[PDB]
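Enquirer: Just passing along the structure, written as structure tokens.
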Amino acid sequence: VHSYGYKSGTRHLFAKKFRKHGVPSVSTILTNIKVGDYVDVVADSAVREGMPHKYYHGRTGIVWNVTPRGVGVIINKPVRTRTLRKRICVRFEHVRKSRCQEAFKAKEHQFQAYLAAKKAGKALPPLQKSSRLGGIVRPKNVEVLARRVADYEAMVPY
Amino acid sequence: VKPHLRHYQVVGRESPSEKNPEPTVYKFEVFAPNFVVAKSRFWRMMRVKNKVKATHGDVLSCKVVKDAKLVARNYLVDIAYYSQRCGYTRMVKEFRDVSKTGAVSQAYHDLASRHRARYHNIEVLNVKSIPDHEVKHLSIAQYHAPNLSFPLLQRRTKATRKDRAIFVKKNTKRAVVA
Amino acid sequence: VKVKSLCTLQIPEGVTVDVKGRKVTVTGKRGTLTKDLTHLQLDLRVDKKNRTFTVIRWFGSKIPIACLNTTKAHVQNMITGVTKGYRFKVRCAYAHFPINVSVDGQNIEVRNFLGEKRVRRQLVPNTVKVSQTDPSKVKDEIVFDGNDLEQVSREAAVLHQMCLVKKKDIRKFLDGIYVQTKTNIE
RNA sequence: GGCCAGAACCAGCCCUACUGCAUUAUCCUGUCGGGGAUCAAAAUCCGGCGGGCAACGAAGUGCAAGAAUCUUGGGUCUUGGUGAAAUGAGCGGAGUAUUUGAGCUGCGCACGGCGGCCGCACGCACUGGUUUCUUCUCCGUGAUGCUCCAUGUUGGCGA
RNA sequence: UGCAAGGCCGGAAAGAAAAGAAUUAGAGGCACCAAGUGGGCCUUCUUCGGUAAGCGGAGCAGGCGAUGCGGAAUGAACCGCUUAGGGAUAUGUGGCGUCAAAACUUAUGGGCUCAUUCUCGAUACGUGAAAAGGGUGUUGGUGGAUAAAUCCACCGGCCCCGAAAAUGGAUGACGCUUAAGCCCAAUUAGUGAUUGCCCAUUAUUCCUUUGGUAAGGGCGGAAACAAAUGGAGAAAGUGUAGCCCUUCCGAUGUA
RNA sequence: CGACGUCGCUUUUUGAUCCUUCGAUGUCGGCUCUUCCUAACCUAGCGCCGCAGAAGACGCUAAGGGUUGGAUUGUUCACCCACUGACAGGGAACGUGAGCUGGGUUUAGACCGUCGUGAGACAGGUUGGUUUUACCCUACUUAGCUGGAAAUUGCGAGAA
Ligand SMILES: [K+]
Ligand SMILES: [K+]
Ligand SMILES: [K+]
Ligand SMILES: [K+]
Ligand SMILES: [K+]
Ligand SMILES: [K+]
Ligand SMILES: [K+]
Ligand SMILES: [K+]
Ligand SMILES: [K+]
Ligand SMILES: [K+]
Ligand SMILES: [Mg+2]
Ligand SMILES: [Mg+2]
Ligand SMILES: [Mg+2]
Ligand SMILES: [Mg+2]
Ligand SMILES: [Mg+2]
Ligand SMILES: [Mg+2]
Ligand SMILES: [Mg+2]
Ligand SMILES: [Mg+2]
Ligand SMILES: [Mg+2]
Ligand SMILES: [Mg+2]
Ligand SMILES: [Mg+2]
Ligand SMILES: [Mg+2]
Ligand SMILES: [Mg+2]
Ligand code: NA
């Protein structure tokens, strides 16, 4: 019956997309991974060397150690009543830089720029207004919404 | 008794966005017990017709339409109802009533009685006051007679609730237990 | 429902129709007839000056409306019976065994029906007169006479129904007592 | 009397009465033309056109905050009392006023036609004015009482 | 002077703006020592094997077990609600012809239905009783046709036929048919607005108990004050007849 | 009457399942005896027939009544002989063992055949092989005694 090997039930998981087959590209090689960075662990099916387990596909974590051809990532895994910090070792081809903190970093930089503008006395950008406020609506065209006899005939096939 | 359905005119639209800066404004005719049901029916119609969801639209008005002065009239109600085996069945009926809301409520009761149809499976297409000479059904046309009269027979006349009794003398009005 | 449904009948000069509580009585020459229609619940009016009998149904469906013409036909039958009466002529038809019918006062005895030894006896009510036509004019003919159509018939049928062929082909063995002519007496 | 019952009043509850604001127009009228049906009509019905509040027990439509104090509602054998600290718009002193709504109004500003003019149902500021009718407002009592218990009335029954 | 790492010294900090721009009956962590469990069973959906099975096997989550209470007459598990011990007042599911509380059979609501020996129907779950097929029963649609209104096909609704088992029997019993049946809609009825009524171990509130991850006050006798003829007590306190007072919240339960 | 299709019903058949019972609910047949069902064999009506008569077929309402004697076999069944108007089908813990009987099944003795090295095994054959208890409570069947309308009481008062 069902077996329990390392790669059981990965027929659609460890498969390349349609017309997107091939080994990793040059930009994947040239990417710099540092300790403390956030990375997504997505297995590249074409490499097959250093592939993570099927559980860690799609999980993101922080790299804890960098190695000539490998990367070690701390991934949270819930077992029973607590989550463990599993340190998995993969090849560099199975990790992508994570944009999870992109919005937070942009918010920090926006705050710093706003403080700089306030200190320098430059005029601040106008504040946004909610769309949930009231107002007078002047309609360009007003239509009548009603059910017609033809709708049932249209919905009835043959 | 006054009708259980009220005439609502629900005016609404989609919330303006960058793709639709000036959305179309739709007016809707509904007969509903309250304005919450009126708005629910309006948004159902907008979703199934104009592909507009209630979460992405707004309502400019949900007012009620006052009834005209009470006059014995003929009301043509074009209505439709859904059944599982029969699909959508559309019919046109004539009613004798004094108001549009009264005629539509009478139509809803008639559909429930004769076809086992509930409020949420019924869509009123139109209601209008038609002349005497355009009435097709004889059951409605029999009330157009200039001299129409009839006696009240087989009437179970009940006493006033304060004067009702359990035991009454046989040929007198004296109450023994009351 | 239909607010008003009517049926109107014309009363001849001799006969007078009287209605009271859905109980009709037609009195004229040759006798008097009475019918109890209290099970019908209709509005029965008689205009004596115009000699009309009207039966009305108010707010009636098809089932209640169906009784208007039945009541009109019943009253017409009573008028016709009071005026001219009813006469039913039945004939004894046989292949081999003659059917001997003897008529006493209000009593009919049938013998030798298909050779049977059993005698069939029928008692006729005093409101219906039974006679036997002499064989010189027409063979084996029995005449029922009376004002009530429902009473003149039934008698002609209890006579037909008592002489029924049993345990035999009825395509063959066609003998019996059959009503040939229904007519009046005046 | 530490019993039974009834009426009073307090306080707190819990029920009821008493209603204002906003809406309406597919509406309400009149009058013409049609159209309809009649013995003739009228009406149902549909167009113009002129008005407009169906009008507050108009509407069964939205929301209501109206001191049961004026103006002795009811209930509490569903609470505790009988003033052993009554905190009261309720007591007790003063005063005839006070401000707060509704009218009606000023100026600027928002707001609405239409492209700086017109409107403005009366928003906002001047806590603007007016006072025409609508309301009462203002003061007052620590515990030198740590805690608990202890204070009516009218009968019936108990000498 | 670049990177990488470990520091150090500054700087700034809506302590996270505005755009619908969170919420919390949110003290986070961290040990130690143990007990019962380790036959489970029911559903809603998803699902596999099997003709199925009150059959066997899974998924997610609830529930019985372990648990009463109010309701479906009766029923482990369905509906409502979950349980200190008492009151009042409200409800929920379910009801308001009698049994049986409540329409003393409500309306000044609209239609539909007549069912002769398992005797129409009326409680979801619970085919915890039924189809294929038929009806010139009645009353509603839809499309034609013809001209005093007809008749032709076609779809509903309720009723009827299909529809046979063994003790006498089960809408629940009686009964009901101007329903006490069915579909819809009211709340005193075109009068003037927006809560008919009746039933919980539920809600709200009141009283008492008990226990807190409980919250507070007071505790240096305040001055006075015999009897005959206001009184008592006041403990620096886990647990008592609990030191006293005030306040809040919880309270069922098999192993 | 009826393909091949299609929808049922039944629980007199086997199967499936494992819910009850393993500190025990007497296990086949027969006999006796009552009762119930109807999907009606006879018997009462009545339709229809390819229904002349006679004899039937098919259906309808109806379960009031009836439904036998034997040969072989433990049999239920089966089959045959014979009578009859007819010799219908079933249910009641596969009705009925403190009712019987015990032929069968299913101990221990023994024989055969086949199987086993054997002791032994057979859903194969054969022969021989303890059927306990009511005096209890109901239920039935008869047999006595005796109060009671506020069904014992109120004095609580209703005359076919
Ligand atoms: K009292
Ligand atoms: K429960
Ligand atoms: K009704
Ligand atoms: K306590
Ligand atoms: K202590
Ligand atoms: K036996
Ligand atoms: K051997
Ligand atoms: K043997
Ligand atoms: K033997
Ligand atoms: K033996
Ligand atoms: Mg165990
Ligand atoms: Mg109550
Ligand atoms: Mg009662
Ligand atoms: Mg203490
Ligand atoms: Mg406990
Ligand atoms: Mg035993
Ligand atoms: Mg036994
Ligand atoms: Mg019998
Ligand atoms: Mg047996
Ligand atoms: Mg026995
Ligand atoms: Mg025995
Ligand atoms: Mg033996
Ligand atoms: Mg007595
Ligand atoms: Na994939």
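Every chain in the structure tokens has a letter given in the order shown (A, B, ...), and although residue numbers restart at 1 in each chain, ligands are simply numbered from 1 in the order shown.
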Taking only C-alpha atoms (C1' of nucleotides) and all ligand atoms into account, which residues have an atom no farther than 12 Å from ligand 19? I'd like them as an NGL selection string.
Expert: :F and (26-29 or 92-97)
Enquirer: Output N, CA and C atoms (P, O5', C5', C4', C3', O3' and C1' of nucleotides) of each residue in that selection to a file, as a PDB file, in the first residue's frame.
Expert:
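Ended up saving to selection_10.pdb:
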ATOM      1  P     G F  26     -34.557 -21.840  28.761  1.00  0.00           P
ATOM      2  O5'   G F  26     -33.795 -22.698  27.630  1.00  0.00           O
ATOM      3  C5'   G F  26     -34.576 -23.360  26.602  1.00  0.00           C
ATOM      4  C4'   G F  26     -33.777 -24.510  26.045  1.00  0.00           C
ATOM      5  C3'   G F  26     -34.246 -25.085  24.706  1.00  0.00           C
ATOM      6  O3'   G F  26     -33.719 -24.350  23.610  1.00  0.00           O
ATOM      7  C1'   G F  26     -33.688 -26.839  26.237  1.00  0.00           C
ATOM      8  P     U F  27     -34.531 -24.238  22.230  1.00  0.00           P
ATOM      9  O5'   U F  27     -33.612 -25.015  21.159  1.00  0.00           O
ATOM     10  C5'   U F  27     -33.805 -24.723  19.754  1.00  0.00           C
ATOM     11  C4'   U F  27     -33.092 -25.759  18.920  1.00  0.00           C
ATOM     12  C3'   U F  27     -33.750 -27.150  18.862  1.00  0.00           C
ATOM     13  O3'   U F  27     -34.164 -27.438  17.535  1.00  0.00           O
ATOM     14  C1'   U F  27     -31.391 -27.305  19.191  1.00  0.00           C
ATOM     15  P     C F  28     -35.616 -26.991  17.013  1.00  0.00           P
ATOM     16  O5'   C F  28     -35.770 -27.784  15.623  1.00  0.00           O
ATOM     17  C5'   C F  28     -34.668 -27.761  14.687  1.00  0.00           C
ATOM     18  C4'   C F  28     -34.803 -28.932  13.748  1.00  0.00           C
ATOM     19  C3'   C F  28     -36.232 -29.428  13.506  1.00  0.00           C
ATOM     20  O3'   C F  28     -36.896 -28.671  12.506  1.00  0.00           O
ATOM     21  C1'   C F  28     -34.828 -31.264  13.982  1.00  0.00           C
ATOM     22  P     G F  29     -38.478 -28.420  12.596  1.00  0.00           P
ATOM     23  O5'   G F  29     -39.105 -29.898  12.469  1.00  0.00           O
ATOM     24  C5'   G F  29     -39.315 -30.445  11.147  1.00  0.00           C
ATOM     25  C4'   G F  29     -39.551 -31.932  11.242  1.00  0.00           C
ATOM     26  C3'   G F  29     -40.887 -32.379  11.837  1.00  0.00           C
ATOM     27  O3'   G F  29     -41.965 -32.256  10.923  1.00  0.00           O
ATOM     28  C1'   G F  29     -39.174 -33.645  12.785  1.00  0.00           C
ATOM     29  P     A F  92     -43.336 -17.734  13.012  1.00  0.00           P
ATOM     30  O5'   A F  92     -44.293 -17.482  14.281  1.00  0.00           O
ATOM     31  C5'   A F  92     -44.233 -16.197  14.947  1.00  0.00           C
ATOM     32  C4'   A F  92     -45.462 -16.011  15.801  1.00  0.00           C
ATOM     33  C3'   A F  92     -45.515 -16.826  17.095  1.00  0.00           C
ATOM     34  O3'   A F  92     -44.893 -16.110  18.150  1.00  0.00           O
ATOM     35  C1'   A F  92     -47.604 -16.955  15.941  1.00  0.00           C
ATOM     36  P     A F  93     -43.726 -16.767  19.029  1.00  0.00           P
ATOM     37  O5'   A F  93     -42.416 -16.515  18.134  1.00  0.00           O
ATOM     38  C5'   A F  93     -41.808 -17.643  17.465  1.00  0.00           C
ATOM     39  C4'   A F  93     -40.323 -17.650  17.723  1.00  0.00           C
ATOM     40  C3'   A F  93     -39.763 -18.934  18.345  1.00  0.00           C
ATOM     41  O3'   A F  93     -38.469 -19.194  17.825  1.00  0.00           O
ATOM     42  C1'   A F  93     -39.215 -17.135  19.707  1.00  0.00           C
ATOM     43  P     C F  94     -38.221 -20.413  16.811  1.00  0.00           P
ATOM     44  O5'   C F  94     -38.141 -19.712  15.363  1.00  0.00           O
ATOM     45  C5'   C F  94     -39.371 -19.327  14.703  1.00  0.00           C
ATOM     46  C4'   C F  94     -39.498 -20.076  13.400  1.00  0.00           C
ATOM     47  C3'   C F  94     -39.835 -21.566  13.515  1.00  0.00           C
ATOM     48  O3'   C F  94     -41.231 -21.765  13.692  1.00  0.00           O
ATOM     49  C1'   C F  94     -38.070 -21.244  11.956  1.00  0.00           C
ATOM     50  P     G F  95     -41.789 -22.979  14.582  1.00  0.00           P
ATOM     51  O5'   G F  95     -43.013 -22.310  15.382  1.00  0.00           O
ATOM     52  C5'   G F  95     -42.957 -20.899  15.695  1.00  0.00           C
ATOM     53  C4'   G F  95     -43.779 -20.640  16.931  1.00  0.00           C
ATOM     54  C3'   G F  95     -43.662 -21.685  18.043  1.00  0.00           C
ATOM     55  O3'   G F  95     -42.624 -21.338  18.949  1.00  0.00           O
ATOM     56  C1'   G F  95     -45.955 -21.287  17.548  1.00  0.00           C
ATOM     57  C1'   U F  96     -46.041 -25.278  20.843  1.00  0.00           C
ATOM     58  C3'   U F  96     -44.045 -25.545  22.150  1.00  0.00           C
ATOM     59  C4'   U F  96     -44.374 -24.060  21.975  1.00  0.00           C
ATOM     60  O3'   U F  96     -43.580 -25.837  23.462  1.00  0.00           O
ATOM     61  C5'   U F  96     -43.218 -23.151  21.644  1.00  0.00           C
ATOM     62  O5'   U F  96     -42.735 -23.462  20.316  1.00  0.00           O
ATOM     63  P     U F  96     -41.691 -22.460  19.619  1.00  0.00           P
ATOM     64  P     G F  97     -42.046 -26.220  23.739  1.00  0.00           P
ATOM     65  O5'   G F  97     -42.050 -27.829  23.751  1.00  0.00           O
ATOM     66  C5'   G F  97     -42.823 -28.513  24.763  1.00  0.00           C
ATOM     67  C4'   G F  97     -41.956 -29.530  25.461  1.00  0.00           C
ATOM     68  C3'   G F  97     -41.055 -28.994  26.575  1.00  0.00           C
ATOM     69  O3'   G F  97     -41.746 -28.934  27.815  1.00  0.00           O
ATOM     70  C1'   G F  97     -39.951 -30.667  25.230  1.00  0.00           C
TER      71        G F  97
END
Enquirer: Output the neighbourhood of ligand 23 as a PyMOL selection string, that is, all protein and nucleic acid residues with some atom at most 10 Å from the ligand, counting only C-alpha atoms (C1' of nucleotides) and all ligand atoms.
Expert: chain F and resi 148-154+156
Enquirer: Which residues come within 10 Å of residue 95 in chain E, counting only C-alpha atoms (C1' of nucleotides), excluding same-chain residues fewer than 2 positions away, as a ChimeraX atom specification?
Expert: /E:71,93,102,198-199
Enquirer: Determine, using only C-alpha atoms (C1' of nucleotides), which residues of chain B have any atom at most 7 Å from an atom of chain E, and tabulate each with its shortest atom pair and distance in Å to one decimal place, rows ordered by chain and then rising number, as CSV.
Expert:
residue,atom,partner,partner_atom,distance
B:1,CA,E:189,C1',5.6
B:2,CA,E:190,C1',5.6
B:4,CA,E:185,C1',6.9
B:91,CA,E:141,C1',6.5
B:106,CA,E:110,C1',6.6
B:109,CA,E:184,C1',5.2
B:110,CA,E:111,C1',5.9
B:112,CA,E:183,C1',5.2
B:113,CA,E:183,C1',4.6
B:114,CA,E:157,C1',5.1
B:115,CA,E:157,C1',5.2
B:116,CA,E:183,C1',5.4
B:156,CA,E:178,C1',6.2
Enquirer: Ligand 2: which residues are within 9 Å, counting only C-alpha atoms (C1' of nucleotides) and all ligand atoms? Reply as a PyMOL selection string.
Expert: chain E and resi 63-64+67-69+77+81-82
Enquirer: Just the selected residues (N, CA and C atoms (P, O5', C5', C4', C3', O3' and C1' of nucleotides)), exported as a PDB file, in the first residue's frame, please.
Expert:
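As written to disk, again_3.pdb reads:
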ATOM      1  P     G E  63     -19.034  20.149  21.737  1.00  0.00           P
ATOM      2  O5'   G E  63     -20.001  18.891  21.998  1.00  0.00           O
ATOM      3  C5'   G E  63     -21.408  19.052  21.720  1.00  0.00           C
ATOM      4  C4'   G E  63     -22.039  17.700  21.513  1.00  0.00           C
ATOM      5  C3'   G E  63     -21.821  16.668  22.618  1.00  0.00           C
ATOM      6  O3'   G E  63     -22.622  16.948  23.758  1.00  0.00           O
ATOM      7  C1'   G E  63     -21.598  15.652  20.497  1.00  0.00           C
ATOM      8  P     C E  64     -22.450  16.102  25.112  1.00  0.00           P
ATOM      9  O5'   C E  64     -23.324  14.800  24.746  1.00  0.00           O
ATOM     10  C5'   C E  64     -23.746  13.914  25.805  1.00  0.00           C
ATOM     11  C4'   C E  64     -23.862  12.509  25.269  1.00  0.00           C
ATOM     12  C3'   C E  64     -23.101  11.441  26.058  1.00  0.00           C
ATOM     13  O3'   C E  64     -23.869  10.969  27.155  1.00  0.00           O
ATOM     14  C1'   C E  64     -22.581  11.226  23.777  1.00  0.00           C
ATOM     15  P     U E  67     -22.481  12.381  34.153  1.00  0.00           P
ATOM     16  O5'   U E  67     -23.556  13.578  34.212  1.00  0.00           O
ATOM     17  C5'   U E  67     -24.949  13.247  34.445  1.00  0.00           C
ATOM     18  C4'   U E  67     -25.819  13.843  33.364  1.00  0.00           C
ATOM     19  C3'   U E  67     -25.792  13.140  32.000  1.00  0.00           C
ATOM     20  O3'   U E  67     -27.037  13.221  31.321  1.00  0.00           O
ATOM     21  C1'   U E  67     -24.898  15.337  31.793  1.00  0.00           C
ATOM     22  P     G E  68     -28.313  12.364  31.787  1.00  0.00           P
ATOM     23  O5'   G E  68     -29.331  13.544  32.193  1.00  0.00           O
ATOM     24  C5'   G E  68     -29.939  13.508  33.501  1.00  0.00           C
ATOM     25  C4'   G E  68     -29.868  14.872  34.140  1.00  0.00           C
ATOM     26  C3'   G E  68     -30.974  15.860  33.772  1.00  0.00           C
ATOM     27  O3'   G E  68     -32.184  15.576  34.459  1.00  0.00           O
ATOM     28  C1'   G E  68     -28.884  16.957  33.796  1.00  0.00           C
ATOM     29  P     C E  69     -33.580  15.561  33.670  1.00  0.00           P
ATOM     30  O5'   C E  69     -33.799  17.115  33.326  1.00  0.00           O
ATOM     31  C5'   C E  69     -34.017  18.040  34.415  1.00  0.00           C
ATOM     32  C4'   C E  69     -33.938  19.453  33.895  1.00  0.00           C
ATOM     33  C3'   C E  69     -34.864  19.798  32.727  1.00  0.00           C
ATOM     34  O3'   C E  69     -36.197  20.019  33.161  1.00  0.00           O
ATOM     35  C1'   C E  69     -32.717  20.654  32.301  1.00  0.00           C
ATOM     36  P     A E  77     -29.850  12.073  23.375  1.00  0.00           P
ATOM     37  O5'   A E  77     -28.801  13.180  22.863  1.00  0.00           O
ATOM     38  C5'   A E  77     -27.405  13.038  23.221  1.00  0.00           C
ATOM     39  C4'   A E  77     -26.584  12.905  21.964  1.00  0.00           C
ATOM     40  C3'   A E  77     -27.309  13.259  20.653  1.00  0.00           C
ATOM     41  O3'   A E  77     -26.565  14.190  19.875  1.00  0.00           O
ATOM     42  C1'   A E  77     -26.193  11.198  20.456  1.00  0.00           C
ATOM     43  P     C E  81     -29.682  28.136  22.110  1.00  0.00           P
ATOM     44  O5'   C E  81     -29.478  27.789  23.666  1.00  0.00           O
ATOM     45  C5'   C E  81     -30.302  28.453  24.653  1.00  0.00           C
ATOM     46  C4'   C E  81     -30.243  27.668  25.939  1.00  0.00           C
ATOM     47  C3'   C E  81     -28.847  27.457  26.531  1.00  0.00           C
ATOM     48  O3'   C E  81     -28.375  28.603  27.225  1.00  0.00           O
ATOM     49  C1'   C E  81     -30.020  25.419  26.556  1.00  0.00           C
ATOM     50  P     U E  82     -26.809  28.773  27.519  1.00  0.00           P
ATOM     51  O5'   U E  82     -26.691  28.201  29.014  1.00  0.00           O
ATOM     52  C5'   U E  82     -25.579  27.341  29.341  1.00  0.00           C
ATOM     53  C4'   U E  82     -26.090  25.974  29.717  1.00  0.00           C
ATOM     54  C3'   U E  82     -25.305  25.256  30.822  1.00  0.00           C
ATOM     55  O3'   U E  82     -25.896  25.516  32.090  1.00  0.00           O
ATOM     56  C1'   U E  82     -25.845  23.776  28.981  1.00  0.00           C
TER      57        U E  82
END
Enquirer: At a cut-off of 9 Å, using only C-alpha atoms (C1' of nucleotides), what residues contact residue 23 in chain A? Leave out same-chain residues fewer than 6 positions from it and give the result as a CSV table (one decimal) with N, CA, C and O atoms, in the first residue's frame.
Expert:
chain,number,residue,atom,x,y,z
A,44,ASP,N,13.8,23.0,-6.0
A,44,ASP,CA,14.0,22.9,-7.5
A,44,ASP,C,14.1,21.5,-7.9
A,44,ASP,O,15.1,20.8,-7.5
A,45,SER,N,13.1,21.0,-8.7
A,45,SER,CA,13.1,19.6,-9.0
A,45,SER,C,14.3,19.1,-9.9
A,45,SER,O,14.7,18.0,-9.9
A,46,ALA,N,14.8,20.1,-10.7
A,46,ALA,CA,15.9,19.7,-11.6
A,46,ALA,C,17.2,19.5,-11.0
A,46,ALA,O,18.1,18.9,-11.6
A,47,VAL,N,17.4,20.0,-9.8
A,47,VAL,CA,18.7,19.9,-9.1
A,47,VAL,C,18.9,18.5,-8.5
A,47,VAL,O,19.9,17.8,-8.8
Enquirer: Using only C-alpha atoms (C1' of nucleotides), select each residue of chain D with any atom at most 9 Å away from an atom of chain B, and give the selection as a list in words.
Expert: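 That gives the following set of residues: residues 23, 24, 26, 27, 28, 36, 37, 38, 44, 45, 54, 59, 60 and 61 of chain D.
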Enquirer: Quick one: write out the picked residues with C-alpha atoms (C1' of nucleotides) as a PDB file, in the first residue's frame?
Expert:
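As a result, part-v2.pdb now contains:
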ATOM      1  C1'   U D  23     -39.818  61.965   5.003  1.00  0.00           C
ATOM      2  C1'   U D  24     -43.819  61.692   0.939  1.00  0.00           C
ATOM      3  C1'   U D  26     -45.149  56.324  -9.089  1.00  0.00           C
ATOM      4  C1'   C D  27     -48.755  61.289  -4.791  1.00  0.00           C
ATOM      5  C1'   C D  28     -52.921  65.032  -4.327  1.00  0.00           C
ATOM      6  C1'   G D  36     -64.173  53.552 -22.009  1.00  0.00           C
ATOM      7  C1'   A D  37     -68.991  51.858 -20.418  1.00  0.00           C
ATOM      8  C1'   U D  38     -73.930  53.103 -20.358  1.00  0.00           C
ATOM      9  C1'   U D  44     -61.663  52.116 -13.924  1.00  0.00           C
ATOM     10  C1'   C D  45     -57.616  53.778 -17.873  1.00  0.00           C
ATOM     11  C1'   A D  54     -54.022  63.545   0.982  1.00  0.00           C
ATOM     12  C1'   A D  59     -49.381  57.847   6.397  1.00  0.00           C
ATOM     13  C1'   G D  60     -49.560  51.476   9.710  1.00  0.00           C
ATOM     14  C1'   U D  61     -42.092  54.951   6.982  1.00  0.00           C
TER      15        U D  61
END
Enquirer: Taking only C-alpha atoms (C1' of nucleotides) into account and nothing else, which residues of chain C lie no more than 10 Å away from chain E? Please answer as a ChimeraX atom specification.
Expert: /C:61-63
Enquirer: Quick one: distance from CA of residue 148 in chain B to CA of residue 3 in chain C in Å, one decimal?
Expert: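 Going from CA of residue 148 in chain B over to CA of residue 3 in chain C, I get 9.3 Å.
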Enquirer: Could you go through chain B and tell me which residues DSSP, when run on the backbone, assigns to helix (DSSP H, G or I), listing them as an MDAnalysis selection string?
Expert: chainID B and resid 35:50 54:56 100:115 119:121 132:134 138:141
Enquirer: Find the residues near ligand 5. Use a cut-off of 12 Å, count only C-alpha atoms (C1' of nucleotides) and all ligand atoms, and write them as a VMD selection string.
Expert: chain E and resid 235 to 240 242 to 243
Enquirer: To one decimal place in Å, what is the distance between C1' of residue 127 in chain E and CA of residue 121 in chain B?
Expert: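 One can read the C1' of residue 127 in chain E to CA of residue 121 in chain B distance as 28.3 Å.
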Enquirer: Counting only C-alpha atoms (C1' of nucleotides) and all ligand atoms, what are the residues, protein, DNA or RNA alike, that approach ligand 8 to within 10 Å? I want them as a list in words.
Expert: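 The residues within 10 Å of ligand 8, counting only C-alpha atoms (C1' of nucleotides) and all ligand atoms, are residues 121, 122, 124, 125 and 126 of chain F.
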Enquirer: Dump N, CA and C atoms (P, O5', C5', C4', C3', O3' and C1' of nucleotides) for the selected residues as a PDB file, in the first residue's frame?
Expert:
ATOM      1  P     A F 121     -10.659 -38.693  16.843  1.00  0.00           P
ATOM      2  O5'   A F 121     -10.627 -38.055  15.369  1.00  0.00           O
ATOM      3  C5'   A F 121      -9.869 -36.844  15.149  1.00  0.00           C
ATOM      4  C4'   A F 121      -9.949 -36.479  13.691  1.00  0.00           C
ATOM      5  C3'   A F 121     -11.326 -36.639  13.044  1.00  0.00           C
ATOM      6  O3'   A F 121     -12.121 -35.489  13.291  1.00  0.00           O
ATOM      7  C1'   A F 121      -9.668 -37.616  11.659  1.00  0.00           C
ATOM      8  P     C F 122     -13.707 -35.464  13.020  1.00  0.00           P
ATOM      9  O5'   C F 122     -13.741 -35.094  11.454  1.00  0.00           O
ATOM     10  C5'   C F 122     -15.014 -35.065  10.779  1.00  0.00           C
ATOM     11  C4'   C F 122     -14.881 -35.683   9.410  1.00  0.00           C
ATOM     12  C3'   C F 122     -16.042 -36.579   8.973  1.00  0.00           C
ATOM     13  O3'   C F 122     -17.166 -35.807   8.579  1.00  0.00           O
ATOM     14  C1'   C F 122     -13.997 -37.614   8.431  1.00  0.00           C
ATOM     15  P     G F 124     -20.894 -35.500   4.591  1.00  0.00           P
ATOM     16  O5'   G F 124     -19.578 -36.291   5.092  1.00  0.00           O
ATOM     17  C5'   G F 124     -19.733 -37.457   5.939  1.00  0.00           C
ATOM     18  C4'   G F 124     -19.803 -38.692   5.077  1.00  0.00           C
ATOM     19  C3'   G F 124     -20.657 -39.842   5.618  1.00  0.00           C
ATOM     20  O3'   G F 124     -22.049 -39.656   5.383  1.00  0.00           O
ATOM     21  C1'   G F 124     -18.568 -40.679   4.982  1.00  0.00           C
ATOM     22  P     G F 125     -23.142 -40.050   6.499  1.00  0.00           P
ATOM     23  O5'   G F 125     -23.119 -41.662   6.508  1.00  0.00           O
ATOM     24  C5'   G F 125     -23.639 -42.356   5.351  1.00  0.00           C
ATOM     25  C4'   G F 125     -23.297 -43.822   5.435  1.00  0.00           C
ATOM     26  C3'   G F 125     -23.826 -44.593   6.645  1.00  0.00           C
ATOM     27  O3'   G F 125     -25.216 -44.876   6.586  1.00  0.00           O
ATOM     28  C1'   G F 125     -21.611 -45.221   6.226  1.00  0.00           C
ATOM     29  P     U F 126     -26.097 -44.890   7.928  1.00  0.00           P
ATOM     30  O5'   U F 126     -25.490 -46.121   8.771  1.00  0.00           O
ATOM     31  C5'   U F 126     -25.670 -47.467   8.271  1.00  0.00           C
ATOM     32  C4'   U F 126     -24.969 -48.431   9.192  1.00  0.00           C
ATOM     33  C3'   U F 126     -25.440 -48.431  10.648  1.00  0.00           C
ATOM     34  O3'   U F 126     -26.663 -49.132  10.819  1.00  0.00           O
ATOM     35  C1'   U F 126     -23.092 -48.450  10.586  1.00  0.00           C
TER      36        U F 126
END
Enquirer: Within 12 Å of residue 69 in chain F, counting only C-alpha atoms (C1' of nucleotides), which residues show up once you throw out same-chain ones fewer than 2 positions away? Write them as JSON, numbers by chain, please.
Expert: {"F": [71, 81, 82, 83, 84, 87]}
